[PDB]
Every structure is written in structure tokens, then in C-alpha cells.
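*Asks:*
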Amino acid sequence: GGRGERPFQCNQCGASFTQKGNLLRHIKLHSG
Amino acid sequence: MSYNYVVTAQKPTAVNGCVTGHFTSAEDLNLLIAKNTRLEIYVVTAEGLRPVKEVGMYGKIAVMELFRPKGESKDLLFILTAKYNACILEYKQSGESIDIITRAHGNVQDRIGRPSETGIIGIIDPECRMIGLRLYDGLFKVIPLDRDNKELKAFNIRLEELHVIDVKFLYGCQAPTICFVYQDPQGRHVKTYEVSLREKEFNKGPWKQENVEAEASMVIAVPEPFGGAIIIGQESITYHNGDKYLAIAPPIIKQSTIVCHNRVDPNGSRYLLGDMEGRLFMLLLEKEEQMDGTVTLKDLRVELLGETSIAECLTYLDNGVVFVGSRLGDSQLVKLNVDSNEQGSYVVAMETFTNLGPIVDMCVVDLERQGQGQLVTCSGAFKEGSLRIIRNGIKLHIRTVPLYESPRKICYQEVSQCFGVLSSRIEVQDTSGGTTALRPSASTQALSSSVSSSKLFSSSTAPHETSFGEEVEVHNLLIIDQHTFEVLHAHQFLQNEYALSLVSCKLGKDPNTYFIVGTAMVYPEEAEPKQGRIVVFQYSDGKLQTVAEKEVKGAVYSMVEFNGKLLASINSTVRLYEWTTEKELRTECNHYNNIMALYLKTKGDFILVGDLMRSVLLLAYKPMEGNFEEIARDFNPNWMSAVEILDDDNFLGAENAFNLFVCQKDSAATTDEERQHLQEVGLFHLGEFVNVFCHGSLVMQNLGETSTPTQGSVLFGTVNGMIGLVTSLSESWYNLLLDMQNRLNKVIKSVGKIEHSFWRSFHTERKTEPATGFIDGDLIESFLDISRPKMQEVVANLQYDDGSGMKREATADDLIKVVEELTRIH
Amino acid sequence: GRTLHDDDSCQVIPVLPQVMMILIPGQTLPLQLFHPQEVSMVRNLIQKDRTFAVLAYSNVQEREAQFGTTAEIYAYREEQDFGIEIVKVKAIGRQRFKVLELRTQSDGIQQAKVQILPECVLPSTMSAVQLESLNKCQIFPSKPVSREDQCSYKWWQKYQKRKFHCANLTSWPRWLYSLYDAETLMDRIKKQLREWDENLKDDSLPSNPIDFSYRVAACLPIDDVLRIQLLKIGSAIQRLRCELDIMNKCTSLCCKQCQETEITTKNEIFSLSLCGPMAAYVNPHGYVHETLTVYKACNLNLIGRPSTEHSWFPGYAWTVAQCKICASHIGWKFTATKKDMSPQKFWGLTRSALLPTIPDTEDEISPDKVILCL
Ligand SMILES: Nc1cccc2c1C(=O)N([C@H]1CCC(=O)NC1=O)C2=O
Ligand SMILES: [Zn+2]
Ligand SMILES: [Zn+2]
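Residue numbers (PDB author numbering), protein chains in the order written: chain C, 138 to 169; chain A, 1 to 394, 709 to 1140; chain B, 69 to 442.
#1: Select from the stretch 355 to 377 of chain B all residues with a C-beta closer than 9 Å to any C-beta belonging to chain C, and list them in chain order.
#2: Measuring only the C-alpha atoms, how far is B/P411 from B/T376?
#3: So what does DSSP say about A/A1110, is it helix, strand or coil?
#4: Which of the residues in the stretch 941 to 955 of chain A, read from start to end, lie with their CB under 8 Å from any CB of chain B?
#5: Spatial neighbours of A/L808 within its chain, please: C-beta separation below 7 Å, excluding the five flanking residues on both sides.
#6: Is the Cβ-Cβ distance between B/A250 and B/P277 less than 8 Å?
#7: Does any residue of chain B have a CB that is nearer than 8 Å to the CB of C/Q156?
#8: Quick one: does the C-beta of B/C391 sit closer than 7 Å to a heavy atom of ligand 3?
#9: Would you mind sorting B/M89 into buried or exposed? The rule is 16 or more other CB atoms within 10 Å of its CB.
#10: Can you name, in chain order, every residue of its own chain whose Cβ lies under 6 Å from the Cβ of A/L273, other than the five neighbours on each side?
#11: Check whether chain B comes within 8 Å of A/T1024, counting only Cβ atoms and requiring the distance to be less than that.
#12: Pair every Cβ in the stretch 99 to 115 of chain A with every Cβ in the stretch 76 to 86 of chain A, then say whether three or more of these pairs are closer than 8 Å.
#13: Can you pull the chain B neighbours of C/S168, defined as C-beta to C-beta under 9 Å?
#14: Rounding to the nearest angstrom, what Cα-Cα distance links A/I394 and A/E277 in this structure?
#15: Give a yes or no on whether 8 Å exceeds the smallest Cβ distance from C/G151 to chain B.
#16: When the Cα atoms are used, what is the spatial distance from A/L761 to A/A751?
#17: Let's see if you can read the secondary structure: which residues bound the beta strand (DSSP E) around residue 1141 of chain A?
#18: Identify every run of the alpha helix (DSSP H) within the stretch 210 to 265 of chain B, keeping only runs that are complete inside it and at least 4 residues long; order them along the chain.
#19: Please go through the same chain and pick out, in chain order, the residues whose beta-carbon is closer than 8 Å to the beta-carbon of A/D184, but skip the five residues on each side of it.
#20: Between the Cα of A/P1023 and the Cα atoms of A/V264, A/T308, A/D1116, A/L80, which residue gives the shortest distance?
#21: Kindly say whether B/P277, judged by its beta-carbon, lies nearer than 8 Å to any beta-carbon of chain A.
#22: Between A/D146, A/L159, A/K150, A/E1095, which lies nearest to A/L133 when the distance is taken from Cα to Cα?
#23: Report all residues from its chain with a CB closer than 6 Å to the CB of A/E40; omit the five preceding and five following residues, and keep chain order.
#24: Report all residues for which the CB-ligand distance to some heavy atom of ligand 2 is below 5 Å; order them along the chain.
#25: Cβ of B/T359 within 7 Å of any heavy atom in ligand 3?
#26: So with Cβ pairs under 8 Å, would you call C/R143 a contact of chain B?
#27: Counting beta carbon pairs with one atom in the stretch 377 to 386 of chain A and one in the stretch 312 to 331 of chain A, are three or more of them shorter than 8 Å?
#28: Out of B/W415, B/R373, B/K364, point me to the one whose CA is closest to B/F381's CA.
#29: So for A/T985, helix, strand or coil by DSSP?
#30: Comparing alpha-carbon positions, which option in A/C977, A/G1087, A/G734, A/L139 lies nearest A/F202?
#31: Taking A/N907 and A/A14 to be in contact with their CB atoms under 8 Å, please state how far apart those CB atoms are, rounded to whole angstroms.
#32: Contact check, A/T308 vs A/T354 under 8 Å by CB: the rounded distance?
#33: Under 7 Å: does the beta carbon of A/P951 sit that close to some heavy atom of ligand 1?
#34: Taking A/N904 as the reference, give the member of A/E896, A/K936, A/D925 with the closest Cα.
#35: Is B/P352 near ligand 1 - that is, is its Cβ less than 7 Å away from at least one heavy atom of it?
#36: Listing by chain order, which chain B residues have their CB less than 7 Å from the CB of A/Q183?
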């Protein structure tokens, strides 16, 4: 894992992530 | 593969045109009437009208105008048919033999050309220099009037104004000048052009483009003293002439549109104008000599004379008598008195010529003979709406029942010795909130009366409001006595409820006979109906009571009695209801189709379904399975007006451009693919618009079975009041009669020299194929009216077979016996 | 210019093997060709009629096709992309056809014997029955072309009353004839397309019903197998009526991105507050979401744990929901915090992520086929 509390959050939908990389990937999906 | 015979039982009664002049002889005055394919010629007497000659044409009469060229004794008649057959006819009488000889003829159709929005417009120059025809948008065809032009060779002239509304030839012009109203993105305008036969082109008109009213719909050329033209619109009437342009907006013409006119005085001082609602006005043109003798228009005036039938055309005969040519009602002869009567009208009816009018629905009933059938039709529209009971003499005898409102559907109930009729009356939105009737009609003057109890849609209603003055039609189920034809009861339907279908039958174990009605809730904001009902009524003790009520998700377009069950059609679904012991409808089957189930007809367990675009579909109720199954279909896009099941394998229909067609269940079919397709096995250009097909016959049914040559009998009602009959034949009888038609055509004289083959050929604006699987009964029956040598020529070198053996040389006396047997089917 | 064959005529034209998607008359087909047989074949067509066949496959795996569309090439250019020399060509759909024979040549390219299906054009339904006296009243005095005035049904009421006045001579009412009217049917589509998504109507859709019907048949959110039904239809009237049926049958919503996942149905829509089922809500960072509330939704994965932080529906905790297939954000799952809450569990879907679609029946227990109406 990374950080159990999920401190990395998405400003567009509030999706929290354990690692920054996963959040970066998530925010790239909003662009489409 | 299909062998059918079609014959006219009643000729078209609706008048689509009328003109006066001196056609027979230069001395006496004539009135020519056009009743679709028929042309009636009368002589105007001081008493009334004297019938002189009646002829039939092989074409629907589109244009009909009289004209006297330079160096001619009497007037000639120019006629143009719907299939573009142009002709100049002359009246020729020798002792006691009358004949309408064809002076000149020819087809004026143009391969390629978009037909105009305002239809065919045919006009003649006042000096008879040419005939101007407007058939297609962007082109003006010209037939020059020269003694050499016998084939009617004509040339088109390029017209920059595509959307021409009305056009006329002006009077008192040096060169032939056309005046017309047309539309462009800046509105409507009136423009003129000079037509040059030498250059074969248009030239600058005497007075270029002038702006007219938004709804300018009529153009009237005014004779030599005045000159110029009158343009009529919705709110105004304007006169234009060179520099002067006088316009009046009389309030008396605002309530309805002026749709027909006629010149009273030959100088143009008076004109008759007729609106859509039957009113008759007098347009007067005041004169002014102006010293030098130029004479100018001082003023325009409109006076309301009175009410007539809804006039299609008008024609002033003489001494105050006007002939009112009607399509929606009876045509008339009316007197125009100088002084009014106590009510205020200046019009007084003289004669009333019967018009079966738009036959929208009909039925066959025995009534009193208990053997010989009689035909009851839903005729006319609005105040002209009525019922007509047609029966044979034992010539056709007609009894009229005026309703003063539009009748729509009709069915008979023997158990209660009466008829059920769906009908609608127009009411106007009142200041108070409710609606007010226009006149007292059949639904308002009923002995017993009732209103539908709002339960289903009183709670389930959309929010909206109707503004003052708006018209709204009120639907009613009328119970009419079979003997007296008095309105025994009138049941009004819900607000916004449109009654579509009506049947009278016994359902399930129930011994009572009910009047079932199918409806649809029509709101203006709602495009396709999403609400409707099936109301089961029982008429007893002089009152109509609601037995049951079943809500549905759509419009109940059609319903039929199906083996003790009710087969209804809700939009795309074909539903089967069962009548439960609790006296309620219960759904047993549903069949979701690829078309709108408008046309619903049935034979035993077979169901014929059809939509407005000639999509034909054959379903079948599987009793052991308890559901519907599609057997076959034939979807060719074209407008379809009516449908019927001839026999277990053949299906008759009425498709676009007044054609009849027969579809058949494919025999000798190995593959499922071919079994599932209905083959087109018959096509025939009837020349009438069929609204209703009805199984039955207007002749004695014949108790003892004596080898009938024709099998089956399907009557039909049309828009022009024509009633026809269709029947099936054997291959032998068909091939004989077909060979007979082609022999008959060589000896028979066609008015305007139009070919029978061309006339009956199946026609639409896109496709035009020859007629098949149909014998023209009117042509076959005309054999008995011809002369013995022409019969000898027709039967010359022809082999006739009487059955089994003896295939001998045919004689006119053998054939007379055969055609005489055919005349007995109607 | 323009090369066009005769109606119902028999023609033999080539089929590009790389192509598969249905081509509707009027819409453009861009192509990228690499193989010399494809390039050389197209170069020959430029010298000849410039036309080739585009088959409407029922099954692209087995290459099964009964109908198709002739594609006229209107642009050719030899480009270079990613270090690859490729020719780029643009063709436009022209005539529709029925497939008679599919003979395959020595190459991968195949010829196709085809019968040209004509464009059925009918006159006005009233043209036959119109009264000669009323012919001059058939023409209208221009269009109101004010979005508000023509959206207002009072004008269409006047149109119906005037155009179909002679319905009184027939056995049917005016309103029935409007159901088979080109202008009314186009307007109904335009209004429902605007209802689906806000857009400029005057520019985007053509005024001609033949062109309009094809433009819509190409853009509808449907399966290409269903689209074949629109290609088979020859009358623009029937084509428009079929398109409105298809539109009315789009009672479900799917992932706009992948369009392979049915999220929810219109039946599941519900109003939690008096504002309405759909309403715009802003998040704590300024992102505005037009959110639709539905009782149930599926084919979604939840991301993270639920949270009440800045919840748009007090008393509920949001959990981020994304597409099972493409992982695109679809919205949130709202779960109640207390036991006395009314719906208890619901979903807030973002409108922009959804797209209308016909409910699919992937289950083989009761696969009742979609029966479109003309
Ligand atoms: N706390 C954060 C932080 C970042 C992004 C969001 C939120 C948040 O609460 N919402 C939505 C989620 C859905 C909801 O109910 N309300 C919101 O404001 C976000 O997009
Ligand atoms: Zn996000
Ligand atoms: Zn997805």
C-alpha cells in the first residue's frame, strides 16, 4: 500500500487515494 | 393472379367546377358542370335548367373553360385532365344525334417538373390568342391558338417567381398579359408580364411588382371598361390598375376566407364572392366616366346577400338566378331578390340537387324488405352533414336525413331497431369560459341527452387554457331510429375526447347487444395521443347507459368483433379483450407491430392490419397457443385511404392518386421468406378517393342458388359521392372480358381522344404502370348501349365458350346475354 | 462534380476490406490506407466514377451484409504520419443499395453486384383530397423564425388547422395527418434532441427532411445493427417516424464515455427535494455538477470510504462511483447516516457523464427483439 487514510483527494469529485500516482491517474480520466 | 371486376353503382355527385356560355348554339345560354369524370351540359331557361347532354371522360376534369376564337359560330370547350390530357371540344348536333366532337387534343405533361403547391391553373387569353397553363413551379406552359395547332404543341416559358398563388389573363391589353400573385421571403406581391408568341418569352408588364396582403389568395381580371385586376385576401379586397391602387378592408369578410368568385355583369360592375362557411356576398365596382370616356373605378363595396350550401364554385345564370356548385353539400339554384326578407337575407333557394358528398363511412341494412339490402352513408361535412339512404327502385332512390353537423362513423343495431352514429359539431370559445354552438344541429336537438362522466382523465389532465374565439369540436354518439330517423338520444363525450371507432355487437356469453366506442384524448401540446378509452354502451328503454369503461395508453383507431371477443388497436398495439362475467373488458392478447394499426379488418381467425403509408400486414389468432402470429406482409410506402379482405387469400386497398390495388397470400410457396410476402396481384386507376369498403349488395340476394358468374360483393364510398362495387371472377371469364375490353376500345369514341388503357393505368407522381387484375365494368356495360355492327365488329372472329364444351364463334346476342347478367349485380 | 446511378439499376462496385461501420447517405467517411492494393484501387476509382460500396454488416465476424451505401470519394492526399507513409481519403455517402452478389477477387478486395434502392418521395397526404377552391389557401405567409414563437404550440395549431383542413373529407382527423407530416416530425425530433443536450438548432440540422432524417440516423445513440433498420427505410416520412420511436425507446442511461454500461433507467429517477430530480450543485472547489437523483444504479465501482464532508443532501454520506468498464466518473452513492431516513440508499449521477440509450437485454432467458415502428 501507501497511506491508509487516503490523503490524496480529487478536487473535481472528491475521490480519495492511498498514493499520489493513483490520484494523478484519476484526474487524467476526468479530461477524457 | 387476381381476377376482379369493378363497376360504378352511383356516379360522382360532387360538383368541382361550373361555367356558363354559348356552347351548344350562339343563341341559347348554357351551363356546363364538371362532376369529376362526368360533364353535364344544360340550357338556361326562364323556369330553371333544361338537361341537354351528359358525357363521361376518361380522366378527372382539372380545368374546364369555354372560349370563342376569331371566326367561330359558337363557343369551344377547353378541358384539361388530372393526368394532363388537354383537349378542345365542340358541340355538334345532327337532327336528333348529339355528339361532343374532339376538335383538338394532346397530353401536356412534362417529364421532369415539380407540380405546383396551388395545383393546376389553366387560363385562356380574352382575345383567344393562347391557353396559359401553370402545372409545375418555375414554368409557364403556353399552347398557341392557331388553326394549324391540332396536336396542342406547346412551349414552356422560364418563370423566375417559383411560388405563384393565382394567375389570370388581363383584359384590354395590346399584347397578351398575365397578372399573378406570388410569394417570396419578403411576403406576397402582384406582378405582370407580357407573353410574346414570336419571341416565345416574357416581356415587361404594364405595371411591375406591387406589394399585396400577407394572405392574398385570389386574382380576378376585370373586363374592358374598368380593366386591371382585383386581388382578394383574408382581411382585404384591393383593385390595381396601372397607377391607381384602391384597397378596402370590410369587416363583413373577416370571419371567413373568400374561396370562389363569379362575374355577374359582363362589364364587371358586379361580382359574387363565396366563403368557406357558405356565405354569399356581392362585390360592387362603382364607375366614373371622367369626360373623355376613359372610365375609372370610383369605389369598391361588399354586401352580404345571404347563406347558400358550402360553395366550391358559383355561376350567375340570369334574372337573379345563381347556380351554387357544392362539394361538401347539395348543389343548388338560388334566387337573388332585390329586396330582403324578414330575416334579412336576399337569397331564396329554388332547387336542391342531391350530392352524396364526402362519403366518410357507410353500412348496408335490410330495413323493410327483409331480403333486399339498402346502403346508409355518413355524407357531407359541417352544416351540410347528413345521412343518405340509397336503395334500388325495384334507378337509385335516395332519402336524405340532414344533421347540420359532421357525421363520422355509422353502425346498425337490429336488436334495438336503430343506428349508432359518431358525429362532431363545432362550437366557439365564449367569454364566460365555456363554449357556444353555431347553429342547432342533430346532437343539440336530441330527445334524450347525456354527458360522459369524467373519472379517468378528470384527475389525470394536463394544464392548459383555451382563448376566446377559438373553435373546438364536440364529439357525440347519436342513437337514430331506423324508421323515422329522428335523433332518439345524443351522448356527448369528455372535453378534449376525440371519438375514433364505433361497433355494435354481442361479446362473450352476454346476450345483450352493446354499442362499443373507441376514443383518444387529443390535447394541442401533445403530438401523439397517450390516453384513450373503450366505452361499452347499452341502449334500452329510450336511454343510453354506460355499461363499462376501459382506459388505454393510446388512440383506439379501430375495433372489430372477433369471434365473441373485442379486437381493438391502440397506436402500434393490436389488443384482444374478453368480456368477463362481471361485465368488464379483460386483456387476453397484445401484438406489437412495426406500423400504426389504423386499418383493422378481420375474417374468421385472420386479421388484416394497415397504416396510412400502405404498410399491409396479415396476423392470425392462434387459439391453442392463445396469442397472435404474423403470417405475411407487404410494405411499399404510399398513401393508403381504405382496406378490405376480399376472400381468405385476397386483400383490397385504395392507394395514392385514386388507385385500387389487390394483395395476395403467396401460393406455390416453398420458402418461409416468400410465404411471408403478399404479392401485388392487381392495380387499377379508379379516379376516385375511397374512404370506406363495405361487404354487401344493393340487389336481391337470390334465395335459390342459380350458378352465379361473379363471386363476392364489396361496395365502396368516395369523396365525390361516387359508389362503386367490386367482385371476383373466374380465370376464363376474366380472359374473355379482358379481350372484350380491348375490342370495345377500338369501336368506342372517347371524349378528348384519351386512351382507356392510359386512363385506367395505375398512376402516381413517381411510378405509372398498366392496369392488371381488374376489368372495367363501366366499359364492359357500355357494350349494351352501342350499335349492332359495332357489336358485330367487337364479336368479329371471337371465340365464346358457354361451359364444358361448344366453343363456337361468338355472336352479339350471346354476348348481350352475358353483359345483361353483369348489369344485375348493382 | 457528382456521379449518380439510376433508380432500381443493377451496378457492380468494389468494397474496401478495411471498412466495417455503417455509412448513412450524406455523412462523411474518412479513410487511412496503407496496403498497396487499397491505395492502387482508390487511385483507379479517382480516374473512373470515384464510387465504392460500404456494406452494412449484420455480423462483421462472418462478413454478412444484405444492404449498404455507395461512397463517392471527394478528397485524396498522400500524407506521412509517425514515420509511416499513408494516403488519407474522404468519401461521402450517396445512394443506398441491396446486396445481390459478393464475389471476392484474387486480392483481399471484393466486388459487389448491387441494386440501387430509390429515395421514396411522396406528395402531401392532402394533395389528392384538396379542394380546388382551397388550393390557394394552402400556401403559409412565411415562418415566425423566433425561437419562442415557433416553440409556442399556437403556431403549430394554426399550421395543422390550415394544412390538414381537408382531413374532414377523409375518414381520419387533422392530428393523425400531422403524425405522417415531414415538417411536424422534424420539429418533434429537434425539440427532443434539444431536451437531451442543449445546442444550436439552425446551424447543426438541415431544413430538408431527406437530409435531416439521414443526419439524425447517423447521430442517434444506437447499435449499428439497429441503425440498419433506418438504412432499410426508403421514405423520409417513415425514416423520421422511426427515429422518433427509437428516441422514445431510449428509457435508460449509459456511460457516455464507453457506452457499454447501462447505469440506470428513467423509471428509477426520483425527486428527493421540491427543486426537482435533476439540479446543479457546486462542490467545495467550485466544480458545478448537474446531478440526477436515481433510487438504483449499477455497473459502477465505489472509490474510497463514504464521507459526509460537504454533502449536498444532509443526512447522507457520498461515495465516489465510476464505470465498471472504463473507470470514468459517473457520480456518487448516497448512503444514509441514520436509520429513520426515507430512501436510505440512493445515487446522485452527474448528467454530463450519462447518455440516453435503449435498454439492452444481454440475458438469453427472454431476449425480446426491439420492434421499431414506421
Ligand atoms: N470534500 C470534497 C473534496 C474534493 C472534492 C469534492 C468534495 C465533495 O464533497 N464533493 C462533492 C461530493 C458529492 C456531494 O454530495 N457533495 C460534494 O460537494 C466533491 O466533489
Ligand atoms: Zn475526480
Ligand atoms: Zn464507461
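By construction, the Cβ of each residue, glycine as well, lies at the ideal position given by its N, Cα and C atoms.
*Replies:* Walking through what the data contain:
#1: So the close ones are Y355, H357, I371, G372, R373, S375, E377.
#2: 17 Å
#3: coil
#4: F949, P951, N952, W953, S955
#5: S766, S768, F771
#6: yes
#7: no
#8: Correct: B/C391 has its Cβ closer than 7 Å to ligand 3.
#9: exposed
#10: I258, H261, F281, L283
#11: no
#12: The stretch 99 to 115 of chain A and the stretch 76 to 86 of chain A touch, with no fewer than 3 CB-CB distances between them shorter than 8 Å.
#13: The contact set of C/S168 on chain B, defined by CB atoms closer than 9 Å, is empty, because the minimum CB distance reaches about 11 Å.
#14: 39 Å
#15: Among the residues facing chain B, C/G151 is included, as its CB has a counterpart in that chain under 8 Å away.
#16: Note on geometry: alpha-carbon atoms of A/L761 and A/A751 lie some 18 Å from one another.
#17: Any question about residue 1141 of chain A goes unanswered here, given that chain A covers just 1 to 1140.
#18: For secondary structure counted as the alpha helix (DSSP H) over 4 or more consecutive residues, the stretch 210 to 265 of chain B holds these complete runs in sequence order: 215 to 219, 221 to 231, 242 to 246, 250 to 264.
#19: Excluding five sequence positions before and after A/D184, the CB atoms of its chain that fall closer than 8 Å to its own CB belong to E161, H163, given in chain order.
#20: That would be A/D1116, whose Cα lies nearest to the Cα of A/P1023.
#21: no
#22: A/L159
#23: Only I33, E54 meet the Cβ criterion.
#24: C/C147, C/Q149, C/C150, C/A152
#25: no
#26: yes
#27: The stretch 312 to 331 of chain A, when compared against the stretch 377 to 386 of chain A, does touch it at the 8 Å Cβ threshold.
#28: B/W415
#29: Three-state result, A/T985: coil.
#30: A/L139
#31: By a beta-carbon distance limit of 8 Å, A/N907 does not contact A/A14. Their separation comes to about 35 Å.
#32: Not quite, the Cβ-Cβ distance comes to about 16 Å (not below 8 Å), so this is no contact.
#33: no
#34: A/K936
#35: yes
#36: Under the 7 Å cutoff, chain B gives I207.
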